[PDB]
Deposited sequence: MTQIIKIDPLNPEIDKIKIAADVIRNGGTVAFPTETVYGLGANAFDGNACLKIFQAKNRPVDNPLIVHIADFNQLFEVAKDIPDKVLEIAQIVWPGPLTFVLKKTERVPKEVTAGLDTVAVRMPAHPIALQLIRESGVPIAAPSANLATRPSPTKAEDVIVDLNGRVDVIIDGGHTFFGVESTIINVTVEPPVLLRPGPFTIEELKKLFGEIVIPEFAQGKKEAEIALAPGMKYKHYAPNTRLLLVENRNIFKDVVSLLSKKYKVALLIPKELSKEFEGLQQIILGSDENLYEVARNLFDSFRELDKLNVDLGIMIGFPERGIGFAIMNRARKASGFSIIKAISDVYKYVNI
């Protein structure tokens, strides 16, 4: 694997070209975006895309998001797009919002998992956009991690997971949001939120008033305490019988000195928490503890995506009442 360091905000186009040549040659390139790093291949090349599944050891029926750098490309991969969706795509892209649309015959089965639809987004990251532009083709690209590990948000995460398994890894620093793009299905009416992300429910509702609102997790047991009023008592109860690691905001650090802590960021900035979430899950597994205990966060804005990933990462081991401790431990 060639690891190429490229400045994320002013990328050296010559370095981008090295990676684009690999994409055009049917190879795989891991690269940063504003959400998480993605592992990409030419979206029109089914055989190249199968290499993404092989590298991640991913079940072949879990479809891939296609990344485009301009609107001409949107029409190469999707069709029968509603006028309103097109107008909105033009104001939200490049950005962390993925649309599920009807696919064209140029999108291979390897990308869509046989579905009649294709998920597409335009990444708000200079390296991703330039990689796509120089490759001259849309790039299919799920998160760049091994199958059960948390989505990567920094180059080192990708290296640890995929070094030796992919052709190129672009080391472009830490990703901006740290959580995967919001996914909305607009082939159905009203549209449906398939995955919360950096593009908020609050904003989607202003654009799609009718929208309907319905594992990458650590291996160490992880409990999520959604009720902040019982957090201290839950920690006291559990730390008596277990070696614990607390995933918490810096504002609660002093309250728990003596116990292993994984600081997520500040309560006053949920984007900080979102940015450090997946790497905090990785840290949990590096530590040698019996269980991680994460505190809940507000669901305003990106808080909703934070909680969605946390619930899943905890295998839905949620503590809302102190007596719930009986259920999951």
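- Residues of the deposited sequence that lack C-alpha coordinates fall in the stretches 1, 216-235, 351-352.
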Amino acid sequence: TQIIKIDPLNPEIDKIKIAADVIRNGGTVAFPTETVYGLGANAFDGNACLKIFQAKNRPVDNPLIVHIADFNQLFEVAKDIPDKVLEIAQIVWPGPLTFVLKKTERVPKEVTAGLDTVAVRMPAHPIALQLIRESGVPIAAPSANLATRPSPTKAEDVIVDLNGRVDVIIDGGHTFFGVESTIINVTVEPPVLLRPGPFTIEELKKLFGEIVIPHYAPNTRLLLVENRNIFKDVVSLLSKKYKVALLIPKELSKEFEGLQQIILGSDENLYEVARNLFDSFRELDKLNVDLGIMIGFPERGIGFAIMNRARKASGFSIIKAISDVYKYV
From here on, numbers count along this sequence of modelled residues.
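- Here the stretch with the larger average CA B-factor, out of 35-43 and 269-277, is 269-277.
- Per the PDB record, of the two stretches 304-312 and 317-325, 317-325 carries the greater mean B-factor over its C-alpha atoms.
- Which of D161, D116, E180, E134 has the largest Cα B-factor in the deposited entry comes down to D116.
- Each of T28, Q261, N288, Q54 has a CA temperature factor in the record; the biggest one is found at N288.
- Per the deposited record, the Cα B-factor of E255 falls in the highest third when ranked against the other modelled residues of its chain.
- Sort the chain's modelled residues by C-alpha temperature factor and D157 lands in the middle third, per the entry.
- Looking at the C-alpha B-factors along this chain, the one for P190 belongs to the highest third.
- For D167, the recorded CA B-factor ranks within the lowest third of the chain. Only modelled residues enter the ranking.
- Per the PDB record, residue ranking by Cα B-factor puts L86 in the middle third of the chain.
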